[PDB]
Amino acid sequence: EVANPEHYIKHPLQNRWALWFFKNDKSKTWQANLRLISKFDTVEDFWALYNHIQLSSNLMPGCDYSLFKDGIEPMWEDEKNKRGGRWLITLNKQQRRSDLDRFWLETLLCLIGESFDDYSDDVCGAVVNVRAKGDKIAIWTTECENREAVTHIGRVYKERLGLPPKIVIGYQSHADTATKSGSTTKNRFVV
């Protein structure tokens, strides 16, 4: 007879995830400032990572955290990102204190808990940008033409963050962002 696995196994995640850090240092290229922190694939190992690293609200201006599925680099040129886009959450300066860390942790829980059900495979990762003008959080998905998947992810994400219905969030294609003239990227979808 063998031991009961409930008593001793770590609780596995559906996916292995990688957390990346972007350091604002303009003596270097964007790609060289983006570096891996570590990977995890259980609930326990997730918390061991999260509990020892700085809250987003404490990072220096211009830094990022990115959590992406193992094998997807947190850059839009990745084969799994290049045809996709992101649901973008823009925060005002006052929301760094009130909402930034709570929203980012909720984003992490949505990813590692596979909270988008049959559209989980469309999720690539998420990014938090710490910025003086206003922080941003985004969930990246793999294909901007997967209308059903993209819309479901957006609606569920907005509910999980607890945004009031009046607050509109937008989905922006990476290719649109990379090719637009002027500073606005249009939204392919809103929710």
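In this text, residue numbers run from 1 along the sequence as written. Here the rigid core means the biggest group of C-alpha atoms that line up within 1.5 Å when the two forms are laid on top of each other.
A.B. asks: Do the Cα atoms of 80 to 88 or those of 97 to 105 sit farther, on average, from the shown form in 7 other deposited structures of this protein after fitting on the core?
C.D. replies: Larger mean C-alpha displacement, comparing 80 to 88 and 97 to 105 in 7 other deposited structures of this protein, is found in 97 to 105.
A.B. asks: In 7 other deposited structures of this protein, superposed by the rigid core, which stretch departs further from the shown form in CA positions, 134 to 142 or 159 to 167?
C.D. replies: With the rigid core superposed, the C-alphas that lie farther in 7 other deposited structures of this protein are those of 159 to 167.
A.B. asks: Is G182 unbuilt in at least a third of the other PDB entries compared?
C.D. replies: Yes, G182 lacks coordinates in at least a third of the other entries compared.
A.B. asks: Identify the stretch, either 12 to 20 or 168 to 176, whose C-alpha atoms have the larger mean B-factor according to the entry.
C.D. replies: Per the PDB record, 168 to 176.
A.B. asks: Decide which of the stretches 147 to 155 and 126 to 134 has the higher mean C-alpha B-factor, going by the entry.
C.D. replies: Here the higher of the two C-alpha B-factor means belongs to 147 to 155.
A.B. asks: Could you check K69, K39, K26, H52 and tell me which one carries the biggest Cα B-factor in the deposited entry?
C.D. replies: Most elevated C-alpha B-factor of the set, per the entry: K26.
A.B. asks: Per the coordinate record, which of the options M60, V43, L163, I139 holds the highest CA temperature factor?
C.D. replies: In this record, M60 carries the highest C-alpha B-factor of the candidates.
A.B. asks: Against its chain's modelled residues, does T90's Cα B factor rank lowest, middle or highest third?
C.D. replies: It belongs to the middle third of the chain when residues are ordered by C-alpha B-factor.
A.B. asks: Name the third of the chain's ranked CA B-factors that contains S115, choosing lowest, middle or highest.
C.D. replies: Its C-alpha B-factor, which the entry lists for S115, ranks in the lowest third among residues of this chain.
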